[PDB]
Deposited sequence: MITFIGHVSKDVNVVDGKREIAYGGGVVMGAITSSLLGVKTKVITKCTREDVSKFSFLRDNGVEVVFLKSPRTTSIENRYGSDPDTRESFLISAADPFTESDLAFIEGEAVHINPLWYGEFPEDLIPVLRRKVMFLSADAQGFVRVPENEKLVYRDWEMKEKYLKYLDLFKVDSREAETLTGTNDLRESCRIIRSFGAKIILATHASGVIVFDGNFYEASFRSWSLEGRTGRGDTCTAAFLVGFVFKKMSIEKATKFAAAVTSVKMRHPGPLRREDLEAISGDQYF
């Protein structure tokens, strides 16, 4: 099994002054990918009881979901690449981790404070393969605006992670350089064993050696959840399907490409084009 931990979100997407609502989040994108790829998948999330029916499609895609109690549901406004945290569900606490099973857990937060760093060592002791998304540690609400700030305790916590996911902007925030390969070297030097980095043209995986695969297709509306899809597909390929790191890198790129053809999470029919 793989478990994703993170908030679902009512996304308010604003394009040319037009507001459109999507029910998503990192965990939705990632969990649907792994489930459709044939790995037993669980989500631990928080939202209001009222909003649970907006996320019922998870169960329709084979995902076991634990909807934990919160007085609010996280909602993020995205202006097209600037984001605002409109509302925030309660953060995760240690007790939310109590029923963790499976070979793999991915920490997939939307905002710094959603998943307190103290949970990292607690979770480490419960799982064989622990991964996290940098978004949850560098994207910080300041008067709602989600600003990029360095992760002060990155050197302490990266050493707990088997895999760490970044995009260009997160990598630069953590390293001071916009050279993505160099950022990977620097981030691995902080202690993370494997770095997975997404950028416009494809995927870079670094474990001491670099592996790269380019995306084969893309769309404007399809880019949200690129990284979450890519991470989940890499985890499936490498952790569960026993692929070499090089093969799992190409696999993750292929799965991401077909998801990026449309808005929303990976669809069953996408896997017939890969």
Exercise. Wait, which stretches of the deposited chain are just not there in the structure?
Worked result: 81 to 86, 281 to 286
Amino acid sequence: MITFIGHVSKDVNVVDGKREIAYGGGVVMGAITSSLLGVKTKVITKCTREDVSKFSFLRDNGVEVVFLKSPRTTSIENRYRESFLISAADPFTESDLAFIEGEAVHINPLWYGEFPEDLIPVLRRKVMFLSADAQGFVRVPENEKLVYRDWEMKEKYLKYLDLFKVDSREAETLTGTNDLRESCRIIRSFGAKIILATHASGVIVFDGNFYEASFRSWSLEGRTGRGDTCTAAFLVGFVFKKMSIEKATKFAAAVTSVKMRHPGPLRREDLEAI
From here on, numbers count along this sequence of modelled residues.
Problem set entry | Which of 204 to 212 and 46 to 54 has higher mean CA B factor, as the PDB entry lists it | 204 to 212
For this session: State which stretch shows the higher mean Cα B factor in the entry: 22 to 30 or 235 to 243.
Result: 235 to 243
Exercise. Hey, out of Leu196, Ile100, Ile120, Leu174, whose CA B-factor is highest in the deposited coordinates?
Worked result: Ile100
Seminar exercise, completed: Reading the B-factor column for Cα atoms of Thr229, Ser70, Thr41, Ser217, the highest value belongs to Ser217
Exercise. According to the PDB entry, is the CA B factor of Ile2 in the bottom, middle or top third of its chain, that is, lowest, middle or highest?
Worked result: middle
For this session: Rank-wise, by C-alpha B-factor, drop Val258 into the lowest, middle or highest third of its chain.
Result: highest
Exercise. Taking the entry's C-alpha B-factors for this chain, is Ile186 in the lowest, middle or highest third?
Worked result: middle
For this session: Would you please rank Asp179 by its C-alpha temperature factor against the other modelled residues of its chain and give the third it falls in: lowest, middle or highest?
Result: highest
Exercise. If you rank every modelled residue in this chain by C-alpha B factor, which third holds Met153: lowest, middle or highest?
Worked result: highest
